[PDB]
Protein chains: 6
Amino acid sequence: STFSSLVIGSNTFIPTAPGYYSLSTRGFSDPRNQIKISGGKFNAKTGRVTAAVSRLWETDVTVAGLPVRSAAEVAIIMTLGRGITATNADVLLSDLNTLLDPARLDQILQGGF
Amino acid sequence: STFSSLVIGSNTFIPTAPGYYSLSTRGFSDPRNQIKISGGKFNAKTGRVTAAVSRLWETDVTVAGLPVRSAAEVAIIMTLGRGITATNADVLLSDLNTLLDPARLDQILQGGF
Amino acid sequence: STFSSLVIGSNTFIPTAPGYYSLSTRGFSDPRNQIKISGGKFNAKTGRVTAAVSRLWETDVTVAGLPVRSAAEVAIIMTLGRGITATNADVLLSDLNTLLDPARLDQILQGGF
Amino acid sequence: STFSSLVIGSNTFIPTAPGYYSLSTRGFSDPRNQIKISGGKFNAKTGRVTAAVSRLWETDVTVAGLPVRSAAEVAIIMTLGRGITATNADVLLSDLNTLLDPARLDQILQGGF
Amino acid sequence: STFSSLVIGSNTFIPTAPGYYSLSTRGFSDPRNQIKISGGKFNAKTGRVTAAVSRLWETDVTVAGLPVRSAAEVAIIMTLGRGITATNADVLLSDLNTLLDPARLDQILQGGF
Amino acid sequence: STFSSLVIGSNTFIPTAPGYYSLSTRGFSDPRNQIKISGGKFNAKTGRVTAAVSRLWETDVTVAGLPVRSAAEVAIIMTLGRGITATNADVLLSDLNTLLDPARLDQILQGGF
RNA sequence: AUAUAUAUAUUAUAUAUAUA
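Residues numbered from 1 in each chain as written, not as in the entry; some residues may be left out. Chains lettered and ligands numbered in written order. Part of a larger assembly, values for the part shown. Heavy atoms only, no water.

Section: the overall build of chain A
Along chain A, the regular secondary structure elements total two helices and six strands. For a compact globule of 113 residues, the expected C-alpha radius of gyration is about 13 Å, and chain A comes in at 17 Å, more than 25% above that figure. If one aligns the C-alpha atoms of chain A with their principal axes, the spans along those axes are about 55 × 40 × 30 Å. In chain A, the share of contacts with a sequence separation of at least 24, taken over all contacts with a separation of at least 6, comes to 24%. (Helix = DSSP H or I, 4+ residues; strand = E, 2+ residues; numbered from the N terminus. Rg over C-alpha atoms; globule rule 2.2 N^0.38 Å. Contact = heavy atoms within 4.5 Å.)

Written out as structure tokens, the structure reads:
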């Protein structure tokens, strides 16, 4: 609703459902490729604001000879006390995306502590 | 202590607690600056692996004229089905980091759908 | 029966069953391509005449590796109070067709409010 | 909310209520001129997505010597099985609008089969 | 997000939450400076439309030697019967703004009947 | 009681009832044109003061051929924490009256969010 | 008689399509 479109490089996401922005290429019965945004929740009790941006992707892969549609969800959840800047948030996120290369991800996905 | 250390640019994080890595500069009384990794959860019931990497940062900031220590937490939660690659995950995460610039982050944190 | 045939562009629909007009080409085992008209109903309680023109199209597509025939139905329903012209109705219909392009339709099918 | 505004020819419709887009000119006591969109509903049982776009227009006409406000509603209802494109739907809609001219519409409103 | 932006002199308000527009300068941790619009409620029972526009402003001020963040909210509630124009409303509102200068505002806030 | 009269341009309002100031032109059985002031309420619990100034106007309009007296009420409600100035109030009010022109009022009165 | 779907009013009212 509040964003007219979300652009990432070449890819352009149009808003479909409340909180939902799906790729312009993808049809309605095509595998989902989208972004979910729920944000701005704030309670005086915690003094902290909470928001969440999820990236959801589906791909058709043949596993054990059977074509199945597999899902993949990367959800970011932000909890920021008063005094924190959106810039602080992007810095922490950037730190995490730098930290997660496919090496460490394969190792963490099988159990890396 | 699967990872001996986590390096992000110049910043180096040493392991302290199980799945906890904090910056080498900081003290224990100093505000927290750290990374929590708990990953690798798999059930063949759903064929889905689930992992989480969290970034936690505290800063001493003056808010409305009063000195306060505030917390900021960006948590990534990955839920991947069979046949999704760690490369797919880094792609989706990179998409999210590119999407979240401070402008959109602020809009969403103030309530953006 | 009250329409001898319905011409739409290149295609010509002949009546088969009461209120049914299918494409002249199709054989009986071919997928259905038809128009269902039923209208003129008036109840004194509401003072509203009501009419409907449905369009039904089937196509053979492979889904989940199985060749299957799926359907697609677009139904227009007109409810008009005393003092409305058929021209008022064609104006409203034209408005809706100008409004619904494939992009907006995909959006609405994926959950558009 | 997912559409900032709907332009149709000269006229421009702004959203007022969830799923409602009325003409920007009209005041609150003026007759209603609006579009009602609600769609995206999918049930696994039928494998059919269903959506609806209604057009609602009221006008003030004297009937039986009494000035009365009467309504006129043209509702499009889309039911699409797996493997249909939004382009398939716009084609069917265009077919119906080409088909329905005022003459045929008057005929159908007066009882056309 | 019916209104893409609210402009008042030099100040520009962007939409954040449903019916919420905050100044483009401010951050989420920064004090609130915003406009809440919730309007258009109509029942034919009373023939009365009801709408509300609120202005919310926070400032960090030292009070009795202690730094405090204080809130200030001016809320307009319009209740209009059939046949009242939006022009009538702006006239009445302009009357109220002309009437409330700081002298009378202070007198009334200290208890003026 | 506390104000001897309220003057707005050419128009002069005399106090009639406690909290009530009606136009000097208007008789007692004439349509109401008045200002209601209730103000100064302050509780230590909230720390905030509340006041309210309403503008009430009635006009005779023929609707559906029947002459009816329609009401119109624009109420301002102020809630100001300690540290706020009456000048701050007039500024916020002035912002609102600048923001509400007949364009945006007609659009909000039919539902603008 | 069964199944599916849309719109109006504060559970009720109106309407379309598929199957026996």
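Some words on the relation of the copies chain A and chain B
Expressed as a screw operation, the relation of chain A to chain B combines 0.1 Å of axial shift with a rotation of 179 degrees, fitting to an RMSD of 0.5 Å. On this basis, the relationship between the two copies can be described by a two-fold rotation axis. No C-alpha of chain A lies nearer the rotation axis than that of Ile76 of chain A, which sits 2.3 Å from it. The overlap is high: 98% of the interface residues of chain A also sit at the interface in chain B, so the same surface is used on both sides. (Least-squares fit on C-alpha atoms.)

Side note on the interface of chain C and chain D
If you look at the interface, chain C gives 60 residues, while chain D gives 60 residues. The contact between chain C and chain D buries some 5,900 Å² in all, and 71% of this surface belongs to carbon and sulfur atoms. Counting the surface chain C buries against chain D, the share from its top three residues, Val74, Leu109 and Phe113 of chain C, is 12%. Between the two partners, chain C and chain D, sit two salt bridges. Between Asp95 of chain D and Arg55 of chain C there is a salt bridge, with its nearest N and O atoms 3.4 Å apart. (Buried area = accessible area lost by both parts, 1.4 Å probe. Salt bridge = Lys/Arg side-chain N within 4 Å of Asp/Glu carboxyl O.)

Looking at the protein's contact with RNA strand G
Lining the immediate surroundings of RNA strand G are 21 residues, of which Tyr20, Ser38 and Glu73 of chain C together with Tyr20 and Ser38 of chain D lie closest. Within 4 Å of the protein, atoms of RNA strand G come from sugar and phosphate in 100% of cases. In this structure, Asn43 of chain D approaches RNA strand G through a side-chain N or O atom, which is 3.2 Å from a sugar or linking oxygen. Those elements that place two or more of their residues in the surface near RNA strand G are strand 4 (33-43), strand 5 (48-63) and strand 6 (66-81) of chain C together with strand 4 (33-43), strand 5 (48-63) and strand 6 (66-81) of chain D. (Near = heavy atom within 4 Å. Polar contact = N/O pair within 3.5 Å; in protein donor to acceptor, adjacent residues only side chain to side chain.)

Examining the sheet that holds strand 4 (residues 33-42) of chain A
A sheet is described by the order of its strands in space; here twelve strands give the open sequence 1(A)-2(A)-3(A)-4(A)-5(A)-6(A)-6(B)-5(B)-4(B)-3(B)-2(B)-1(B), paired in antiparallel fashion. Every other strand in the sheet has two partners, leaving strand 1 (6-8) of chain A together with strand 1 (6-8) of chain B as the edge strands with one partner each. The average undirected angle you get between the axes of adjacent strands in this sheet is 20 degrees. Both strand 5 (residues 48-63) of chain B and strand 6 (residues 66-81) of chain B contribute to a ladder of 16 bridges, which runs antiparallel. Within strand 6 of chain B, the residue paired with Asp60 of chain B across the bridge is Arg69 of chain B. (Pairing = 2+ DSSP bridges. Axes fitted to C-alpha atoms, helices over the stretch in contact; angles between N-to-C directions.)

What to know about the interface of chain A and chain B
Counting residues at the interface gives 64 residues for chain A and 64 residues for chain B. Counting each side, the surface lost to burial between chain A and chain B is near 6,100 Å², with a carbon and sulfur contribution of 70%. In this assembly, chain A and chain B are joined by two salt bridges. One can count 18 residue pairs in polar contact joining chain A with chain B.

Observations regarding the relation of the copies chain C and chain D
Both copies of the chain are related by a screw-like operation: a rotation about an axis and a shift along it. Of the two same-sequence chains, chain C is brought onto chain D (RMSD 0.0 Å, axial shift 0.2 Å) by a rotation of 180 degrees. Mapped onto chain D, 97% of the interface residues of chain C again fall at the interface, so both copies present the same surface.

Regarding the packing of aromatic side chains
Working definition: an aromatic ring pair is given by the centre-to-centre distance plus the angle between the planes. Residues and elements named next belong to chain A. Enumeration according to the criterion identifies two aromatic pairs over all chains in this entry. When the centroid spacing of 6.5 Å and the interplanar angle of 70 degrees are considered together, the rings of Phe3 and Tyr21 count as edge-to-face. Taken together, the residues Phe3 in the segment before strand 1 and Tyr21 in strand 3 (residues 20-23) connect sequence positions 18 residues apart. Residue classification places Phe3 among the buried positions, given a relative accessible area of 6%. (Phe/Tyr/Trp six-rings, centres within 6.5 Å; stacked < 30°, edge-to-face > 60°. Buried < 20%, exposed > 50% of the residue type's maximum accessible area, 1.4 Å probe, protein only.)

A closer look at the pattern of salt bridges
All names here are of chain A. Scanning the model with the defined rule gives 18 salt bridges over all chains in all. Here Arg69 ties to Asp60 by a salt bridge, and the two come within 3.1 Å at their closest N and O atoms. For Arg69, a relative accessible area of 41% corresponds to the partly exposed category.

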